Amino acid sequence: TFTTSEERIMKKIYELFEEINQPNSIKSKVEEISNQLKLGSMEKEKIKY
Amino acid sequence: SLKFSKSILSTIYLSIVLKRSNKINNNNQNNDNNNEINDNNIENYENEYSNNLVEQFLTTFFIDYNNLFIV
Amino acid sequence: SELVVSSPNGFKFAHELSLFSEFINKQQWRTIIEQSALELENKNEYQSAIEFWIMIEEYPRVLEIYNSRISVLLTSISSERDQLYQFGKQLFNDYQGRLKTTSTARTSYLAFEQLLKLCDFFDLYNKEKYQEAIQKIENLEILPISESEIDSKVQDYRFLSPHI
Amino acid sequence: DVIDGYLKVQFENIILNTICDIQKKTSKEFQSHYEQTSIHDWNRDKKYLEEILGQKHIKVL
Amino acid sequence: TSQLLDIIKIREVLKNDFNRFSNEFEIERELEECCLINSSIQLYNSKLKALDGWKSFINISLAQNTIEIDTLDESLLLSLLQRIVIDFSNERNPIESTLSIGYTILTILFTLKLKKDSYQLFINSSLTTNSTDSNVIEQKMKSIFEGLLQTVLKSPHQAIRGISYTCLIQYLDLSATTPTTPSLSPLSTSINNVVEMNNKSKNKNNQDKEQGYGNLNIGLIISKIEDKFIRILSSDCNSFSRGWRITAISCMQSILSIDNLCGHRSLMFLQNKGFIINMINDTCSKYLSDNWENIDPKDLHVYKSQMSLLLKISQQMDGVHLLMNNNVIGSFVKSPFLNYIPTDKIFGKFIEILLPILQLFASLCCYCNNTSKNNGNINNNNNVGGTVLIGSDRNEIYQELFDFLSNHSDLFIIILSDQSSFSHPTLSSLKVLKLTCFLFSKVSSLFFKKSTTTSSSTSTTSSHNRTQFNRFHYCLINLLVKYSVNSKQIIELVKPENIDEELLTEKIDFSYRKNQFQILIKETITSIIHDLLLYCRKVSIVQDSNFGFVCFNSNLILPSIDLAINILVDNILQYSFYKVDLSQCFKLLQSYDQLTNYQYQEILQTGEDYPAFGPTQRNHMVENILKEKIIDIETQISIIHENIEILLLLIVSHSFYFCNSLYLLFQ
């Protein structure tokens, strides 16, 4: 059978899976910053003096 | 349902366009005149309501549920 | 009104302001009396305030103040209780004609003519005159003397004033 | 002088807690009304001096 | 016991008096009827057995926390609660069965509160963007409330109403929303720039609708039933025995916290039934008469709940008016209890009865400030004559408080000297002192006037008023010495009086280390110093800005001006600390999902239970503890800024008074 500490660490393994995989996850945000980079949207103009 | 959806969106587009022309005209006339139950309240109420309605219509479109662009 | 209520002849001066009719028209005069009477109630000067409310014939407020201060004092062995009770016996002698006519404050007059008998009952109780005290509360009609009166007095009580 | 016997006590505990909650709640509400009152009194009694100081400043000129 | 028909004795008597019957097939049918009635009585008894089994099974399956409260499905629990609240409203109940259902309703509502106060409710239906699903949740919650009200309207049975009153309290504690976050004020924004007014309507026109609809649904239930519900409840508040009387009075307090949404109608209905004056007279005669020493401790909780209802009334504008329209201050001030000089063997019971009166009298001062917005936009004749408090009414309240404090003078001298022969002070003597200094700060301007009005008459009374003033003044000034200079020693000498305060004596504050009790003492001492400084300001600086009485003597007997300068420096230092500490609490609230396990122990402090709580549970508990502690700190930051302004004003006014007083010796 499970122990309360195994039920509880299995919960933490699920909680830390979802934050990585849901539509508003870490994975999504690291493709948008990558999309904005491919589409030049962070290359601010280099004024020179 | 897809006809009715097209017909909502085509009528919303037409009302936003007409509202955008009226807001341009009234934004001239609200400079020019200020330097030398009231039915006015109805236009102002329908002007905020027909902003917030279009805003709620677009949040209820974009904020699992398949985003209608997917479908 | 600050002048009239600070005056050590205030009632006499407020009456004299009824003669200066080219300086104070009678509506301004009545409202100087209204503001002076309220600014005597604000001092606990309930007798001074009553004589001011009498000066403008506002007999509802006269009965309202009198019943309110005498009910809160009714049973007390205090100088204010006996002073206000003799003042009430004067208001009963001389003003009862006017006080017994008003359309409003009718129940306030019934209560005034019950409180001026309840004070007379407690006068005799606090002086061991128990047979005369019994006769004062019998001749007040607020209690049952027999079992046959109980449902009547248990109804009559519902038409007293909230000062009894 | 004063399963199911333990359930009696648990139901009575729940009633006593539900009575205690409101008396603690009404007390934090009272504390907040007290402190907002002295804040309002200060800013009122402050402005009264700002206006009286104006009614003294002019008088020397 | 349960009775059945004796089919043997019946069959024998029917065969003795056979003379009534046409033949024996009639006798055997009258026995068939008895056998049918016994069969349905047996089935009635087994349905009652099964309820008593089912209730004890469920309440044990909840009241031991044997099911993890996170996993307990609110969609199932509300569907059960909605089902059984219908039978709890049935006038064909057993009393025993309706009570067995009622105690099961009570445990389900209490377990739902124990979910709310650890986790957000209904998360699975904010993770659906379904406006349908939150509509189904309101319709369930509403079907429970309109049902619990039917059980009150229908039932004659005290304990069935009493349980429904506990369930109605827990329902209103469930439906009340948590506080919004405080709105930080960027004080430097003084220059010209035009556009961003007009967009600010929209977002409040949403969140004020969305909190609005639930509260308006409760208000649009109460405001259909009102005349019967408040009538039954105000009867029960005086018709019930002891424990359930308290439950009805607590229910009335919870309803008055919502009566604003009906329009103060429950409050107005109570005056339109004499309930306020009748409860004042029920209070003074039974708990504030000469026999107060002999009050039964079971009904001292009836006193505390009656006083907490007067305290809940004085927390409203119309409620302060309605308490003065029943002479509340004057009708408590006439009562024998207040004449009693307390002696050591009884002092705690005197404080338990004096403290709620001083809370009520302080509460009556609060509303008398809102007169200042009279922008004359004339148009419409809505003649609703609501009594905006007049220039009379705050002076009426302050006069009954002046003549209270001045008749009871030797009791208030014993309170205001704080000559504590009790070899430890307590937090409840400080609760009483916080209220006493506030009342003298409020009434201070009448204390100046009634001691300085020189009439051309009785010199023997104006000297007496000024002798009482001098006694109170030296006590209030010596408190400002004791509580500022020995401030730190007092925080190190005070003891708890209750297990609630021992549980604040173990617990640390994460902003401060101290325990939480040593902060609640300290912030009670901030309060004592603040209204003592307001008293000093109102006594040093008079109308017209003339100087009054000297609070601090010239030197660098009264104390000297070193005291005001040291209090100013310590308040400037505390104002600098709380602004760093607020700048920590807002940083914690901006990173709560990224705090260390040690910071989560530093904030939650939940013993060896701290391991058990899940992350989403800890994060929600910390997010609401940080909301509370930001509001506590932003409040103390106001009080201590205002101390700094009061102290600067006191130092400048005394310095100016002495410089003019010296100049007037050189002409």
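Side notes on the structure shown:
- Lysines with Cα under 19 Å of E:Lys373, excluding same-chain neighbours fewer than 8 positions away: D:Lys46, D:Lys47
- Centre separation in Å (Cα based) which lies between the stretch D:23-61 and the stretch E:1-41: 87 Å
- For the stretch E:149-224 versus the stretch C:111-164, the gap between their alpha-carbon centres in whole angstrom: 52 Å
- The ranking of E:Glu623, A:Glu6 from fewest to most other beta carbons within 10 Å of each one's beta carbon is A:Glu6, E:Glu623.
- Take each peptide in A:30-40, C:34-44, count the other Cβ atoms within 10 Å of every residue, and average; sorted highest first, the result is C:34-44, A:30-40.
- Mean separation of Cα contacts under 8 Å, 6 or more apart, over the residue count of the stretch C:60-164: relative contact order %: 30 percent
- Sorted fewest first by neighbouring Cβ atoms within 10 angstrom, E:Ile218, E:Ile37 come out as E:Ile37, E:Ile218.
- The calculated pair-distance distribution of the stretch E:146-265 uses every alpha carbon pair, bins of 5 angstrom beginning at 0, and gives 2, 9, 17, 19, 13, 9, 7, 7, 6, 4, 4, 3, 1, 0 percent.
- Look at the dipole of chain A built from charges on Cβ: of A:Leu16, A:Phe2, A:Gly40, the Cα furthest out on the positive end belongs to A:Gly40.
- Among E:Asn260, E:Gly212, E:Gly243 - extreme Cα towards positive end, dipole of the stretch E:199-264, charges at beta-carbon: E:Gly212
- Three semi-axes of the equivalent ellipsoid, the protein assembly as shown, Cα gyration tensor, whole Å, largest first: 55, 49, 34
- Shown for B:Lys19, E:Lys522: other C-beta atoms within 10 Å of each C-beta, ranked fewest to most, produce the order B:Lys19, E:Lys522.
- Beyond 29 Å in Cα-Cα separation lie the following of the pairs E:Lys115/E:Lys312; D:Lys8/E:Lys286; D:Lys24/E:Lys538: D:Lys8/E:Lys286; D:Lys24/E:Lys538.
- Loop-located trypsin sites (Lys or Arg not before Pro) in the stretch E:250-311 (DSSP state not H, G, I, E or B) with no more than 15 neighbouring Cβ atoms inside 10 Å: E:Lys273, E:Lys298.
- Per DSSP, loop chymotrypsin sites (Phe, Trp or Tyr not before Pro) in the stretch C:1-68 with at most 15 further Cβ within 10 Å: C:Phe20, C:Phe23
- Net charge dipole, the protein assembly as shown: roughly 1660 debye, given to the nearest 20, about the Cα centre with Cβ charges of +1 for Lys and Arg and -1 for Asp and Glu.
- Inter-part distance, the stretch E:397-452 to the stretch E:461-529, computed on C-alpha centroids, equals 14 Å.
- Take every pair of alpha-carbon atoms less than 8 Å apart whose residues are at least six positions apart; their mean separation over the length of the stretch C:12-62 yields a relative contact order of 27 percent.
- Average other protein chain Cβ within 10 Å of Cβ, residues D:6-12: 5
- Summed residue charge, Cβ within 12 Å of E:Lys507's Cβ, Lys/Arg positive, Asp/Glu negative: -4
- Normalised by the number of residues in the stretch E:86-192, the average gap of Cα pairs under 8 Å and 6 or more apart makes the relative contact order 37 percent.
- Ranked by the mean number of other Cβ atoms within 10 Å of their residues, highest first, the peptides E:367-374, E:382-389 come out as E:367-374, E:382-389.
- Neighbouring partner chain Cβ atoms per residue of E:58-66, average, 10 Å criterion: 2
- With 23 Å as the limit, the listed pairs E:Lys113/E:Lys154; C:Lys43/E:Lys442; D:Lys25/E:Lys482; C:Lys89/C:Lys127 have E:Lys113/E:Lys154; D:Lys25/E:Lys482 beyond it between alpha carbons.
- Value at 222 nm in deg cm²/dmol, rounded to 500, when DSSP H runs of n ≥ 4 in chain E each add -39,500 (n - 2.57): -22500 deg cm²/dmol
- Label-to-label distance, nm, for residues given as E:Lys579 and D:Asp45 (7 Å Cα→Cβ offset): 2.4 nm
Ideal geometry is used to build each Cβ from the backbone, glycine not excepted, and the neighbour counts take in all protein chains shown. Coordinate-derived values only; no laboratory data.
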